[PDB]
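Starting off, we have a lone chain in the form deposited in one PDB entry, written out as structure tokens.
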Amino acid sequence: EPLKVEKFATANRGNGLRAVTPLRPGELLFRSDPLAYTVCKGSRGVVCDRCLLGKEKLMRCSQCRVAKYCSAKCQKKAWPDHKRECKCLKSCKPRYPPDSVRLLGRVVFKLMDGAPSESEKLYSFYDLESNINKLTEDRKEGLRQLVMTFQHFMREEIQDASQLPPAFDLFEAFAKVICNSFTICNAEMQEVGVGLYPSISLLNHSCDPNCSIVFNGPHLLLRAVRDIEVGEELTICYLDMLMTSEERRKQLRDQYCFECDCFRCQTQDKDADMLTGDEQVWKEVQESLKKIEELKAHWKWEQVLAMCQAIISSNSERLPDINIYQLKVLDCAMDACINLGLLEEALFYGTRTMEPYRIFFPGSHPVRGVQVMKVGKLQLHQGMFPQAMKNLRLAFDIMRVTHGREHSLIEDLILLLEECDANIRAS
């Protein structure tokens, strides 16, 4: 069709995207493959470099032995976009670069060797915001070190400026990567990769947005989650919803170089509920969650579960499940149990997250959709059919909006709804 979205110059947040026609919840607004992407640090060698799906066995690239793939088809299909980095990842073993450096190498190779990318239809890498005039001296130093890391990692393939795009400035490129990288999660909402999607990068931030993004492998779908009028700006939430206004302030400053004066931030909306319970306990839980989240990122489920049980079933003082640090611990324990086949225990943690997720993901949000699906799935396979049906329907009501027919997970949910329904039809 014609596009439902268009680029425009906002009054005080740079370029943005606005509706061309009225949009309804669930409407597919745009979709994109990445300009460039890579598997993230914790998922390297756990999921396929190309399709970002996990497998019992992954097969390595023989030349570098860093890239790993689910199948001959994926290894072969990845080769054009892996060929030049392969030499650099070999040449610099056992040093592995930061994800941003691997990502930027892929950018450069794509812009030098590939045809114009469909991912740049509305806006290109060259156009992206860098916020160079807002960077602090401390950030500038961090970028200088990323520049030198790139230069080191890439030296086999990029020796000088003749191998970069015209007038390409690596410092500026890394400044763009910082505030335009997308975090790719798998169907289970586990972080698996990072990518650039330059058309999609037009979206500005809201702490109460009107659109959502979801990933199906590296593919990104942008959908409305509220009614949107002609000319109204499209927004997504850049951040985890389980954050206070103070935490959002620090990240939006540090990473994005802006201040938010939205109603939520002006009123510290939900902050008090999020921090209920004794501060001494939740401070310790927040500290333990650095490690728990590190372990989870590397798919270390037994270690995750052990740390989480030490909190959830502590001998010492406990927190309410609506406290965000307690909730994140429940979440990690649920995902660990699911991955370990401890299904009764998974369901216990999962069920406890349901009411806090209802409060903290208002309206239609993909993370709540997927969490409710997980809990309904656990109930279904434990033979709890009426309870399962209610959750699976709720999951469908959310995911029909946030995921839609174009996302394969919706097909999975339809099969569970059918199975649940047959079971009730017999009963």
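Numbers follow the displayed sequence, beginning with 1. Just so we're on the same page, rigid core means the largest C-alpha set that superposes within 1.5 Å between forms.
Form deposited in another entry: not shown, discussed below.
Undergrad: Core fitted between this form and the one not shown: which of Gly114, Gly341, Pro320, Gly231 shows a C-alpha shift of 2 angstroms or more?
TA: Single residue meeting the criterion: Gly114.
Undergrad: Is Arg13 one of the residues whose Cα moves 2 Å or more between this form and the one not shown, with the core superposed?
TA: Superposed on the core, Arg13 moves its C-alpha less than 2 Å between this form and the one not shown.
Undergrad: Do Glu284 and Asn315 move together or apart in that other deposited form, judged by C-alpha distance changing 3 Å or more?
TA: Compared with this form, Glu284 and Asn315 lie closer in that other deposited form.
Undergrad: Pin down for me whether the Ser316-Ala333 Cα distance shrinks or grows in that other deposited form relative to this form (closer or farther, change of 3 Å or more).
TA: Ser316 and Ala333 sit closer together in that other deposited form.
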